[PDB]
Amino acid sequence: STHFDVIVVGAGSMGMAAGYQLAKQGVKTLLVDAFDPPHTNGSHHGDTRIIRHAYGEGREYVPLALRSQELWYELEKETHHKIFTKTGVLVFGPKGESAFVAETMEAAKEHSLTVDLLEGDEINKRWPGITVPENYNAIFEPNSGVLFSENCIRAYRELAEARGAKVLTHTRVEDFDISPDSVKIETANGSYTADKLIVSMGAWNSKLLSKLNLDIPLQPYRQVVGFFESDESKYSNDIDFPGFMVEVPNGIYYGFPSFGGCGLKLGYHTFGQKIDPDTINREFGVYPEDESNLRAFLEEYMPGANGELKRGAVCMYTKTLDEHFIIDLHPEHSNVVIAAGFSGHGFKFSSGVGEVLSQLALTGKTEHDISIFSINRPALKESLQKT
């Protein structure tokens, strides 16, 4: 007998932030998750996430990144959980041969972001532990950094629940019944109704959006990260070793300084195994590339951070064809909001996206510019199943 104002399906990075934003405004909200967030079956574990501001992916991203940053600072003040550490983020690559580095520099210039430009040995000198060729250049953002992602979700959940949000765990939503004036979800633990629906199922959006009559190319990828024993005198956050995202000949890599001796963390961004979220092997090391692609980068660029493997994690990216997000109202139902395809780089924006989702669910519009995330854009190749 319990109707809600808004139901959020998938209470992870995006959904839990949305739940917090809704609860904060006195909106009767129900968040439903297949597990118990934060957990290790989706896209938010592995402890840390990079937040950068000079987003060359598209100008719309910078404002969202800056708003999210302010929102993370707000979250830091509201909870006892640690949210953000300002490690700074270093971006480097071969001079004149990296679109990623080039776009980053252009984005910083275009938005007047504070950054340091350096190249060659200046990089190796500023950060002992980094060894790049002399023909490499870099752009460093001193004011961006690292978010403790599980902590963020945990905090948003505690804050949302304190304000009345209900969270139904270990409950997989299996189907949807949408009406012009109400929404309804079906689960093994029962059916629930509300005036509005927010769908943010992460990797599972690739399998369940069809239940909403949507056909959108979304490919989940198995993405691992490893924590390695390192020279703490060089790679510790305490000696200001930065978070980083860089481009080398074989692709893009991202990493984090050692925090409290946990070891430098590294991930290979441009490669991953195509998988299904319900059959993915979540054990690190089952594929030789898991560990070898990481050490190949470390032995060449951060040689003192190539020690014993201390820990591994397996997580997922869900990509759209253009690698831009999907944040929009369902094309046939204005009372349904979709958040999907974050393509491996959405966590830093989750605070801002929660705000956008809240606005879309409550008003059908948002003050943020989200045109590049339109569910109707051509590059997405979106279509309805029944037309």
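Residues carry their position along the shown sequence, with the first being 1. Between two forms, the rigid core is defined as the largest C-alpha subset superposing within 1.5 Å.
Asker: Core fit done; bigger CA RMS in 4 other deposited structures of this protein for 12 to 20 or for 368 to 376?
Answerer: With the rigid core superposed, the C-alphas that lie farther in 4 other deposited structures of this protein are those of 368 to 376.
Asker: Between 32 to 40 and 52 to 60, report the one with more C-alpha displacement in 4 other deposited structures of this protein relative to this form after a rigid core superposition.
Answerer: Clearly, after the core fit, the stretch farther away in 4 other deposited structures of this protein is 52 to 60.
Asker: According to the deposited model, is the average Cα temperature factor higher in 371 to 379 or in 11 to 19?
Answerer: So the stretch with the higher mean C-alpha B-factor is 371 to 379.
Asker: Which is higher on average in the deposited entry, the C-alpha temperature factors of 144 to 152 or of 176 to 184?
Answerer: Taking the mean B-factor of the alpha carbons in each, 176 to 184 is higher.
Asker: Quick one: which of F271, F84, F92, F241 has the biggest Cα B-factor according to the entry?
Answerer: The listed residue with the largest C-alpha B-factor is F271.
Asker: By the entry's C-alpha temperature factors, tell me which of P133, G202, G263, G88 sits highest.
Answerer: Highest C-alpha B-factor among the listed residues goes to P133.
Asker: Going by the entry, which third of its chain does the Cα temperature factor of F342 land in?
Answerer: Lowest third.
Asker: Classify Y55 as lowest, middle or highest third according to the C-alpha B-factor given in the PDB entry, relative to its own chain.
Answerer: Tercile = highest for this residue's CA B-factor.
Asker: Comparing against every modelled residue in the chain, figure out the third that the C-alpha B-factor of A160 lands in (lowest, middle or highest).
Answerer: For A160, the deposited C-alpha B-factor lands in the lowest third.
Asker: What third of the chain, by the recorded C-alpha B-factor, contains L218?
Answerer: According to the entry, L218 has a C-alpha B-factor in the chain's highest third.
Asker: Among all modelled residues of this chain, ranked by Cα B factor, put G304 in the bottom, middle or top third, i.e. lowest, middle or highest.
Answerer: Tercile = lowest for this residue's CA B-factor.
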